[PDB]
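3D, please:
(chains A, B, C and D)
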Amino acid sequence: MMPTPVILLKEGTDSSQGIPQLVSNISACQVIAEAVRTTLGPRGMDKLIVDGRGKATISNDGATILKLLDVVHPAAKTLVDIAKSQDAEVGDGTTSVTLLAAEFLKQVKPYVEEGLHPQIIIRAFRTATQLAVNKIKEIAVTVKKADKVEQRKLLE
Amino acid sequence: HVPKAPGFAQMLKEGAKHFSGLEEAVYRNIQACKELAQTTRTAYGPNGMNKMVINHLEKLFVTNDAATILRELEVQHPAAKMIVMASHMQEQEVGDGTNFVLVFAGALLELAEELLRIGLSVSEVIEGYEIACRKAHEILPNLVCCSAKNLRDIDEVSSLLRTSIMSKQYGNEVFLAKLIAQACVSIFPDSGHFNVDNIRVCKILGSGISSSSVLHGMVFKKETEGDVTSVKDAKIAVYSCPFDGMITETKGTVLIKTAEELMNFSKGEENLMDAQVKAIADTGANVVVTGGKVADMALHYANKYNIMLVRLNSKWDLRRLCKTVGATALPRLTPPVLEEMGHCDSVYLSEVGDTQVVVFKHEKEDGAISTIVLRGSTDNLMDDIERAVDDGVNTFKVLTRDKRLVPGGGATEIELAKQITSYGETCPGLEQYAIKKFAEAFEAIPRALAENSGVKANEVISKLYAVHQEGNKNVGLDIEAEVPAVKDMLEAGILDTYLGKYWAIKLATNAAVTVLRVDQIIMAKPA
Amino acid sequence: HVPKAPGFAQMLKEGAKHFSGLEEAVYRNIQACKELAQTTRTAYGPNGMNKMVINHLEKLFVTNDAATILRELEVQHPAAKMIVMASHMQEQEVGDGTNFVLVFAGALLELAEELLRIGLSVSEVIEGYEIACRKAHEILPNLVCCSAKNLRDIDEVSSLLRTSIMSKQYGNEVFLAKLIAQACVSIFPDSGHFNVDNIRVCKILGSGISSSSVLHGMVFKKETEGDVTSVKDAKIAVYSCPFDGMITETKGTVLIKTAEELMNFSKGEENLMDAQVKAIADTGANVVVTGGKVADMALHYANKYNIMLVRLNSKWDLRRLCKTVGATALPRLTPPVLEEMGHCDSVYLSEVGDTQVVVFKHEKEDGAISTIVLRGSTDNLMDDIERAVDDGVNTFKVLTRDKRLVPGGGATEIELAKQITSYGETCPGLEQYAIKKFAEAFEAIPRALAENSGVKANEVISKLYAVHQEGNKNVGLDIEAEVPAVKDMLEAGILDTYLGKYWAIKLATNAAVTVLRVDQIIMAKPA
Amino acid sequence: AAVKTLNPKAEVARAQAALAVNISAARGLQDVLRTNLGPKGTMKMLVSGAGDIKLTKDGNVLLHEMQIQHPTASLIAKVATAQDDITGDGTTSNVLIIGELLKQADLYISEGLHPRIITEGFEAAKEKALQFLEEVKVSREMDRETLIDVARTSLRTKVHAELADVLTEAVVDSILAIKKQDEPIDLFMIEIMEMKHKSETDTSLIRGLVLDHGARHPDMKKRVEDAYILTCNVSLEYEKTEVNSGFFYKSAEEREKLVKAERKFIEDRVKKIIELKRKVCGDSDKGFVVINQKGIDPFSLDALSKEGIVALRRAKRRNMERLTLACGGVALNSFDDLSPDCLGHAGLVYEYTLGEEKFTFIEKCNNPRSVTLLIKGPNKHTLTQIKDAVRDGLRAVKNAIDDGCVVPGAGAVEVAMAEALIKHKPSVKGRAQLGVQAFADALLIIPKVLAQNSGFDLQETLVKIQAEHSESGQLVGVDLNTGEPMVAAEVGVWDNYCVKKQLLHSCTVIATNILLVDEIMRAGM
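Numbering: from 1, shown residues only, chains lettered A, B, ... in the order given. Okay, here it is:
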């Protein structure tokens, strides 16, 4: 009723702004994460995904599950693209990166609705991220038994 | 029952619209321009927010750079287009500061409305804006505090370009500043023209930004079709001819009259192809680059003479390589090229981001072309960083064109608003009202920076004026922390785009004047 | 491509049409009237043809009498109505000559068109018509030839009414003349006012016209509902009350308290009814006529006292009967009526044409009312003959009012055209053009008689003038034989109706003038 | 537009546009009525939806019975309609003046001026025109001969030039023989009745009155001489009691007694009538005619018929006012004090039937102070034409009887008045001079249209008249026969002050209100 001038600026677009736009973006990310929630661990389950032709694929790898969801939400797509990158850089970092990213948003969801300028959210995300990856390097273990049966057993 | 009003005088259109007068034409043009300025206001400043825009092709583009948002949004109102076009000229002129055009031009039109509703028509408001504008260009040369003259090396440029990076890529203002510094110095034009087209960006999906680097040369995403992918001498021949021998230009037909001619025809052709490939092998060439196709016999002989092949289908990519390696592309079949051969230091293929790429690396003759290789977890991030790289490349050119810098952070705008107002106060006429309003158009700019920073703009702007009591002229707006507690911009290191501010005022003023000069609008029938 | 003409100045209508101008309004009104003049032309004259017309109620009327044809033609044209409505005043005034209006007034309108195109407008043509009309009223009184004064008996009346019959009922000019003379003479008002409403017509299907007759009395088409159908003394008592007793007007309710009041109640009704019928039986009542129903007990007593009952539901039949027999209708129950009874000579019922009728025959008191009984094989024949009867009844009245007869057969109309033309030739002005055309409006009338008679009209008219060399004034059209061979009209006996010709000329002229004075037509939307 | 923002279906006119809408409609109406001004005007055929044809040129009917749908035309129709309540004729002139005040103003408003300026001048011009009107009043002592000229001047404009010689006498005599001693004349004392007998030019003036109903009993006299007229509003039909209880009886014999009893109240009322005939020296015909306005049953009619008394029934409310006066009787509402003193007198009462419709004639009264005009038109539309001419003519002469003076003729005042406005044109001492010019020229629309309808050159006719007045002292105007200037007092054309008063006032109020509208809008739907 309100934005009803005689001539519009553009054509017929939809436009949202502010806190309700972030809340919806976080919620959509929580929904798309559901596809892989039950695929973690040696005791996880497999999925059967059927396309519009009736052709089915059975798997539990996020490299297959997340590519067949046909997500159209502008923001939820992010939790699929990060699996494409992990598939190239790690090779099996699939289901875990989608779930972790969704949880990062959930933990801050109750706070982003009440002020909390986005700049400080980014600062905190970057600070914690750099700390976490530094600690991993300090605790990972290596071997000094290269070119021996011990290295072949390590690969097994 | 109830009658209807008849036609009046000019009911000869086929459904067209028509507007005239202060309320129906002038104010409506201004109102549309307000919506434009408001649309981009949210993204303004280093603390601005991103937009997610889905265009008419169902593609998703995410950024905060208005120069690339406006070209995707299908603005139709004829008044808003006038400001959008000015913002494109700002991009063409200096490549940065485009936000200025929508913020300042919008403020001029909004403030013009305040005058039109109480007093003088556009016939004097426009003239008053020009009087004040001309004075602004006499103030600007007197606000210069620094110059990009000293320490013209990699260390100083890594500091000069940061103001252009942090304005869009806040958290990467250091990492990206180091990468672009390594590129801007690499093509130093021996104190000549800085060719902004000699720095490219290569986007490869993978890990985050920290893995990005600069490569002194070119990277392609094609294959070799052979087992000689590692070349150390890299004596390079470039051709535009297809690698399959000579063909006719009209038709051509083979006439055979005896069995010997039939039997020996094919074998003769293979012998000729051997000589055609040998012609360049005898010169010591290592790599043959073409844009055309390669025959099966060409691959047979390429393996005979251990020749590396690269196919680059894009004519512009091959021309860039020619200038990189120091070679000429020959349109004719491969002669024993001696004097037009190029040289690299290392040519190799690698698998980077699950993409097989061809690298032409230079270590000695580095400054021909540089490629900045970007990594990231999403295509959306890499596209946005690439735009940030462009700003650093263009900003360097702007700094070469005019080495003077004026304090940033709103300090220049506050000084313009103050000094311009003082001039208007001494004008013994009615023009003082439009001159003062021209000054207020500048005040709107640091207000926008405060609004997006989470701080109360009314108190922030009071402080920005309070600290300029004739003896400072350098304190600006601190947007890094709550309660800005305004600080010196020269100690902060915030100052840039002097030339940009010069032309941005001219383009923004002309857009506002053009809108104000429209009193009557005649529309065609919509379709 | 294709243009359209805009509106002009006052397009404020909602679908109404407008016509104005000599050609768009005046001529169109004239031409519409011509179409009606042609419609009735075919039936004009004793040699005319019949129409079969079905009206908006799906009823079929077969006749040549324009007075009834025009009443069934649903004319909607706003001007043509006026020349049709004029014919009503002609029928009301004299009862004959209605054809004159469409022929004469139609001719005046058509002939005006011949002048309005070449010269003076209606403000002068009308004046010429009105001047010439006034002159026609000076010529006509000097063309009277006979008067219906002598031998006022059955044989002269049969002859005098011949014209009113042979003009529509060609083959019956003798048979019907005898019947109508018996009806008009039988109620001769002793040379006073002739009452046309004292002659009725009774249509009974059967054999041909030769079986028609005149009955001195009234005939009804009801039954007796009794067994006293042969009455010779015929003392007639007429009542308006129903023959079933009398009740109160306020409400009426019977209250009984004990058994003796119940058991003896009904006996009171029988005692009252017996005495009420006896009251008139003792006075010699033979016939009791009522408008209401008859009770079962009323029939019981009617048979006891040998009194015939007749029920006449029509109030006009009861009124006419009382005036015929010389009785007073009593609104109350049957008193011992002494003097209010009428008298007939023979009252009986008979089956005529397979319809049982009640006849009240008067042999002594004959001149009170007459009924003309018409027989025929079809309803169409009997309806058309009735119209001929009405023309005779009306013609008799016209002769009573004005006994002057004017020569017919076209002789008067040619003479009027001759003298009126001669007058016009001596008028020292431009009005002579319409005066001469007024004369030609009369010539059009014998031309219609010629065409429908199968003789060439141009030859008839040339001869009619050749035989009127200032001293004849009596030769007209002989339309009983082939070849015009014009002869004296008065030796044949073709003459009548001075008053009709006088009134018709005045009325028809005014109708034509009324149309000519119309300048503009404003149409409404139909619903 | 604000109204379009609030309601997308709202209409509005622009300030430069609303004036054109208002003027265009006024010009459209002017293009209609200009063709009927004066005796030389045209006759219109108005075709209705029932098929009725009205051949008329009266300014009021043409404005009412027209399919013109416009919000401005509906306003001029309102002020025009009022003409026929207070002055009668002059409706064409009212609209013609308004059209030119709006049309001529456009030639000065469009030339850069504010509409207020022309309207301030129009008000000033009215004051000057009114002062002139006062100076041309002519006192003719209201002689009958002056009224004949008034009647002919008005009648000629509604007749076909033959009927004027008939109506002129019927109008002058009918209006005078109503009231004397300078008492206002009530037109409700003059009847108009319609018959279809003969022709237009046989309209008669009857000294007495005619009723639209006749005897309802066959034994009543068709011709009554030396009659006594009794005008009563009593009820002689059967009536019941208010309480709906009815009769309670046992026997059939009682039923008949109840019939005799319940009717006794009727005989008590009727038997009081039959005494009157016996108290008026009934040794001769001495006819007794009773009107009995309300319903009457045949029981009462028959009871009176047996005594030789003529009784009518079902008369109109206005019949018992005019007839009681005309016959000299007393209107009774009861039979409490009946006596011959209540009876009127009429020399002859008779009936005539035309088309099976009875008309009862009560004539030969001494001074009835009420007359009936009997129209004998041949056709329906002719009855309408004449009836309008009669009632308009009676008003025209009434105004000349009420107004002690008469005003010179059709163009005799309008041309001289326009010159009076121009001669004082500079005295406004300001910008209102153009309003005087527009007003003075608008005044000429009457002689200008008259010149055109009569077929004379527009410009030559007015130049000759204006010159003849300017160089003389006579109020000369348009002659519809020669085109030469002639004095109204010599040709016999007069008008009434009341007509010129309203034309100067009502046309100024309406014209100046229209010119000051600049935002025509439609809302609320």
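
where do the helices sit along the stretch 1-150 of chain D?
D:2-6, D:15-33, D:59-64, D:73-86, D:91-109, D:115-135, D:144-155 (DSSP state H, counting those that start in this stretch).

contacting residues around stretch B:351-365?
For stretch B:351-365, the surrounding residues in contact (CB atoms under 8 Å, 6 or more residues apart in numbering or on different chains) are A:88, B:204-206, B:215-224, B:234, B:236, B:310, B:321, B:324-326, B:343-350, B:368, B:375. C-beta: built from backbone N, CA, C; applies to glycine.

Which of these fall in strands?
Among the contacts of stretch B:351-365, the ones falling in strands (DSSP state E) are B:204-205, B:215, B:217-220, B:236, B:310, B:343, B:346-350, B:375.

what separates residue B:371 from chain C, distance-wise?
As judged by CB to the nearest CB, to the nearest Å, residue B:371 and chain C stand 60 Å apart.

Check residue A:130 too.
Residue A:130 is 74 Å from chain C, where distance means CB to the nearest CB.

and that residue, helix, strand or coil?
Per DSSP: H, G, I helix; E, B strand; the rest coil, the local secondary structure of residue A:130 is helix.

which of the helices of the stretch 1-150 of chain D is buried the deepest?
helix D:91-109 (a mean of 23; mean count of other CB atoms under 10 Å in any protein chain shown).

In PDB, could you pull the C-alpha coordinates for it?
Extracted C-alpha coordinates of helix D:91-109, given in PDB (Å, rounded to 0.1, in the frame of the first residue of the first chain):
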ATOM      1  CA  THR D  91     -36.100  31.200 -21.200                       C
ATOM      2  CA  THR D  92     -34.300  31.400 -24.600                       C
ATOM      3  CA  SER D  93     -33.100  34.900 -23.800                       C
ATOM      4  CA  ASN D  94     -31.800  33.800 -20.400                       C
ATOM      5  CA  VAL D  95     -29.500  31.100 -22.000                       C
ATOM      6  CA  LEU D  96     -28.400  33.300 -24.800                       C
ATOM      7  CA  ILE D  97     -27.100  36.000 -22.500                       C
ATOM      8  CA  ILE D  98     -25.300  33.400 -20.300                       C
ATOM      9  CA  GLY D  99     -23.600  31.900 -23.400                       C
ATOM     10  CA  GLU D 100     -22.200  35.200 -24.500                       C
ATOM     11  CA  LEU D 101     -21.100  36.300 -21.100                       C
ATOM     12  CA  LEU D 102     -19.100  33.100 -20.900                       C
ATOM     13  CA  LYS D 103     -17.900  33.100 -24.600                       C
ATOM     14  CA  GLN D 104     -16.900  36.800 -24.800                       C
ATOM     15  CA  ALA D 105     -15.000  36.500 -21.400                       C
ATOM     16  CA  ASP D 106     -12.700  33.800 -22.900                       C
ATOM     17  CA  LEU D 107     -11.400  36.400 -25.400                       C
ATOM     18  CA  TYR D 108     -10.000  38.500 -22.500                       C
ATOM     19  CA  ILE D 109      -9.300  35.700 -19.900                       C
END
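
All the strands of the stretch 251-400 of chain D, residue numbers only.
Secondary structure of the stretch 251-400 of chain D (DSSP state E, counting those that start in this stretch): strands at D:288-290, D:310-311, D:346-353, D:358-363, D:371-375.

ditto for chain A
Going by DSSP E, chain A shows strands at A:47-50, A:56-59.

Can you tell me which of these is nearest to residue D:476?
Nearest of these to residue D:476, taken as CB to CB: strand A:47-50 at 108.3 Å.

quick revisit: out of the strands of chain A, which comes closest to chain B?
strand A:56-59 (19.5 Å; CB to the nearest CB).

Which neighbours in the sheet does the closest one have, and how are they oriented?
strand A:47-50 (antiparallel) (DSSP bridges).

and the gap between residue B:477 and residue B:448?
When distance is defined by CB to CB, to the nearest Å, residue B:477 is 10 Å away from residue B:448.

Please disregard the earlier target; I meant residue D:331.
Distance from residue D:331 to residue B:448, counting by CB to CB: 96 Å.

quick one: residue B:321 and residue B:218 touch, right?
Yes: the pair residue B:321 / residue B:218 is scored as a contact, 5.9 Å apart, by CB atoms under 8 Å.

Chain A contacts on the stretch 51-200 of chain B?
B:52, B:54, B:60, B:73, B:74, B:75, B:76, B:77, B:80, B:170, B:171 (CB under 8 Å from any CB of the partner chain).

May I see these arranged in CSV, with distance to chain C, neighbour count and secondary structure as well?
Shown next, in CSV, are these (distance: CB to the nearest CB, whole Å; neighbours: other CB atoms under 10 Å in any protein chain shown; DSSP: H, G, I helix; E, B strand; the rest coil):
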residue, distance to chain C, neighbour count, secondary structure
B:52, 49, 14, strand
B:54, 42, 15, strand
B:60, 47, 14, strand
B:73, 39, 21, coil
B:74, 33, 12, coil
B:75, 35, 20, coil
B:76, 30, 13, coil
B:77, 33, 20, coil
B:80, 36, 25, helix
B:170, 62, 16, coil
B:171, 65, 14, coil
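
ok, of those, which one's closest to residue D:472?
Checking those against residue D:472 with CB to CB, the nearest one is residue B:77 at 72.6 Å.

can you list the domain ranges for chain B.
Listed by CATH domains of a matching chain, the domain ranges of chain B are B:26-147+B:404-523, B:148-216+B:368-403, B:217-367.

Switch those domains over to JSON lines; also include distance to residue A:17.
Listed next are the domains of chain B as JSON lines, based on distance: least, CB to CB, whole Å:
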{"stretch": "domain B:26-147+B:404-523", "distance to residue A:17": "7"}
{"stretch": "domain B:148-216+B:368-403", "distance to residue A:17": "20"}
{"stretch": "domain B:217-367", "distance to residue A:17": "36"}
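
can you tell which of these is closest to residue C:138?
Across the domains of chain B, residue C:138 has its closest neighbour in domain B:26-147+B:404-523 (78.4 Å, CB to CB).

distance of the residue of the stretch 51-200 of chain D found nearest chain A from chain C?
Residue nearest to chain A within the stretch 51-200 of chain D (CB to the nearest CB): residue D:71, separated by 26.2 Å. Taking CB to the nearest CB as the measure, residue D:71 falls 11 Å from chain C.

what about that residue, neighbour count?
16 (other CB atoms under 10 Å in any protein chain shown).

Please identify the nearest residue in space to the residue in chain A positioned nearest to chain C, excluding sequence neighbours.
Nearest residue of chain A to chain C: residue A:6, at 27.9 Å (CB to the nearest CB). Leaving aside its sequence neighbours, residue A:6 sits nearest to residue B:28 (CB to CB, 6 or more residues apart in numbering or on different chains; 6.9 Å).
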